[PDB]
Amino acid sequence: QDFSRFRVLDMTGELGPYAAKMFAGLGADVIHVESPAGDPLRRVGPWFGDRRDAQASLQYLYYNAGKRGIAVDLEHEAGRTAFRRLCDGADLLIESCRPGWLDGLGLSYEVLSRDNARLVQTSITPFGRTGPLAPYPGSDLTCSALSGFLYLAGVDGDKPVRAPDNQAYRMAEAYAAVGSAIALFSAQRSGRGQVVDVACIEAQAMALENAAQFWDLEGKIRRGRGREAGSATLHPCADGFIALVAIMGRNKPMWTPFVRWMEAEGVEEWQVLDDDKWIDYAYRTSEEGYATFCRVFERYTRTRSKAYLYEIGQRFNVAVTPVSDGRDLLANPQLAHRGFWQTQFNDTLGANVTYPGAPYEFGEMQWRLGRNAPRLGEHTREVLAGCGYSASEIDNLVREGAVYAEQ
């Protein structure tokens, strides 16, 4: 019944959680496992209003919608026993623990899969479970730095800027969901799971575009796009910025519609653009070519809004888009037509929360947001009962601090 037959344990924090969310979105039984200290993602913003409490992190609410929540202390012998029982009944464990931590607690993959040969265990870490960086801490910025990705977010000698929403983490998590699903598929057929090791530094090296090949093939170090006239360039307009791809390569058929747009709008000096010199990459990246392009085009763009340029540029069959802000996104009429934004009342917050919606559509499966993200230990009791614990054993575990159940 969609993915309902798959049980996924999700022991993740600031790093990790989008991977189990993807399983939850197709209906899997996903259980978010926290320590009694709480998932650290609960303590990072942005925030719902002025609230700063454990349910107020918009990221927490988003990445952990569709999951139940339990709290287990794996530093406690009793907790490790409950965790082992949970794993005996799990198809998939996704976790972002420090390399070596679970092994050091006697919870290696071999232990976790002893009575569950099909178990898949996916580890999401900054650098991997192994190798010379595995002992050492990493964060979104420092993974981005070490992977090569961060360096590309600038030109010349300028310091680079960060991508938003911890893309080191998100890239690893997306590939970890893919690796998890591939190993799960393989386990369906072989009866044997395995370990799936996804490192942020490797996942981000997937996003170097062609920088690694520029070095291997030509001995060239590249940085970011943005200074090739009319080709992946950003331009100021009346109320923000737009992104333009009027030409790539020697593709004059891309450029001619752009010249027609400029002519039709009566842009001053549009004839400067009506010249085959713009078909040459070397001219487009020259200081005079880039400066002249910006001079002509931005005299026009500065007088017009994002929405106007999007409408009119696309009317002329040119690849122009707005540099959308959050208000633009919520107002986007295509996303409105598609029903993308999902709003779900949150009882803990006493308010509606709006979330991104489905990243894909299926002929037979249904994507869904799922339940509001759990409170700390919200489902500890009902999940342990599901694994065969009675009340008294569970009350033992709470009183000894091996698990935490909410009020």
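Start at 1 with the first residue shown and count on from there.
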Higher mean Cα B-factor in the deposited model: 173-181 or 116-124?
-> 116-124
When mean C-alpha B-factors in the record are compared for 82-90 and 156-164, the larger belongs to 82-90
Return the residue from 235, 192, 315, 252 that has the highest Cα B-factor in the entry.
-> 192
Would you mind checking which of 204, 292, 108, 271 has the top Cα temperature factor in the PDB entry?
-> 108
Entry-reported Cα temperature factor of residue 337, expressed as the chain third it lands in | middle
Thinking about Cα B factors across the chain, which third does residue 301 belong to?
-> lowest
Split the chain's modelled residues into thirds by Cα B-factor; residue 328 lands in the middle
Thinking about Cα B factors across the chain, which third does residue 188 belong to?
-> highest
By its CA B factor, does residue 74 count among the lowest, middle or highest third of the modelled residues in the chain?
-> highest
